[PDB]
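Here the structure comes first, spelled out in structure tokens, and everything after it is commentary.
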Amino acid sequence: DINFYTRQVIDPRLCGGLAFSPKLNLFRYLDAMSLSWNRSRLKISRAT
Amino acid sequence: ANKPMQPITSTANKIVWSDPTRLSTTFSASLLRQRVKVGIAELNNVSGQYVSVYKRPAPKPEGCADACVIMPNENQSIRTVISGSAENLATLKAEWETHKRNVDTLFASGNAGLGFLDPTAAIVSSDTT
């Protein structure tokens, strides 16, 4: 007769990925043109 | 080739480009859409406004080169306005092409830029034989 309970991690070093990793599809996304708001910042700084 | 510009102020009727290296140089385009009524026909008119500016210190005195000649910087602006009915754009283009050649023979090749006017300069119209 054996009766006990255990809980184990998903060892995220090995497993834990295999997902979408929402970094991508957003880092390759507008991060450049949104950064390009340097144009507007320069505009406001000129009149500042 | 030359230096391309990127737009710095975009709007539905206002787009302005400027050179990142020389922000003084600009090219602005303004479009004004309006509906005009002619005889038994409603017409959709558009006016094309185009302004090109180049800031530039013009003449180097005689033929030297030196540091302590930083003469005042002046401006060179060329403004072009085009108006006409939207659907007549097909023929609107050709006379614009004619307008190019027409001023070319007067200013680009003639001395109109100096201030002189040539009565016998060759001028042609859009239509052809």
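Each chain in the structure tokens gets a letter, A, B, ..., in the order shown, and its residues are numbered from 1; ligands are numbered from 1 in order too.
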
Chain A contacts to chain B at 10 Å (only C-alpha atoms) as a PyMOL selection string:
chain A and resi 37+39-40+43

For segment 80-95 of chain B, find every residue with an atom within 6 Å (counting only C-alpha atoms), except residues of its own chain fewer than 4 positions away, and show them as a PyMOL selection string.
chain B and resi 44-50+99+126

Residues just named, written with N, CA and C atoms as a PDB file, in the first residue's frame:
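This went into part.pdb:
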```pdb
ATOM      1  N   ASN B  44     -15.846  68.692 -58.041  1.00  0.00           N
ATOM      2  CA  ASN B  44     -14.999  68.446 -56.877  1.00  0.00           C
ATOM      3  C   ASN B  44     -13.593  68.967 -57.165  1.00  0.00           C
ATOM      4  N   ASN B  45     -13.280  70.135 -56.619  1.00  0.00           N
ATOM      5  CA  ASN B  45     -12.025  70.811 -56.898  1.00  0.00           C
ATOM      6  C   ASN B  45     -11.020  70.564 -55.782  1.00  0.00           C
ATOM      7  N   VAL B  46      -9.744  70.580 -56.154  1.00  0.00           N
ATOM      8  CA  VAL B  46      -8.638  70.437 -55.217  1.00  0.00           C
ATOM      9  C   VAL B  46      -7.549  71.417 -55.620  1.00  0.00           C
ATOM     10  N   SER B  47      -6.936  72.062 -54.635  1.00  0.00           N
ATOM     11  CA  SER B  47      -5.834  72.985 -54.867  1.00  0.00           C
ATOM     12  C   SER B  47      -4.569  72.390 -54.270  1.00  0.00           C
ATOM     13  N   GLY B  48      -3.544  72.221 -55.102  1.00  0.00           N
ATOM     14  CA  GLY B  48      -2.280  71.681 -54.665  1.00  0.00           C
ATOM     15  C   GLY B  48      -1.301  72.796 -54.359  1.00  0.00           C
ATOM     16  N   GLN B  49      -0.886  72.870 -53.101  1.00  0.00           N
ATOM     17  CA  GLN B  49       0.047  73.885 -52.630  1.00  0.00           C
ATOM     18  C   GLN B  49       1.361  73.193 -52.298  1.00  0.00           C
ATOM     19  N   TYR B  50       2.452  73.668 -52.891  1.00  0.00           N
ATOM     20  CA  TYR B  50       3.761  73.043 -52.741  1.00  0.00           C
ATOM     21  C   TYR B  50       4.792  74.132 -52.493  1.00  0.00           C
ATOM     22  N   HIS B  99       3.720  73.388 -68.569  1.00  0.00           N
ATOM     23  CA  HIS B  99       4.163  74.473 -67.700  1.00  0.00           C
ATOM     24  C   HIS B  99       5.633  74.319 -67.340  1.00  0.00           C
ATOM     25  N   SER B 126      -0.462  73.859 -74.080  1.00  0.00           N
ATOM     26  CA  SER B 126      -0.587  72.430 -73.817  1.00  0.00           C
ATOM     27  C   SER B 126      -1.026  71.670 -75.060  1.00  0.00           C
TER      28      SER B 126
END
```

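Distance-wise, atom CA of residue 26 of chain B and atom CA of residue 73 of chain B end up 15.4 Å apart.
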
So which residues of chain A fall under alpha helix (DSSP H) by DSSP, listed as a PyMOL selection string?
chain A and resi 31-35+38-47

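Across the structure, atom CA of residue 21 of chain B and atom CA of residue 55 of chain B are spaced 12.8 Å apart.
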
Just the number, please: distance in Å from atom CA of residue 28 of chain B to atom CA of residue 12 of chain B, one decimal.
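Computing it gives 12.8 Å between the two atoms.
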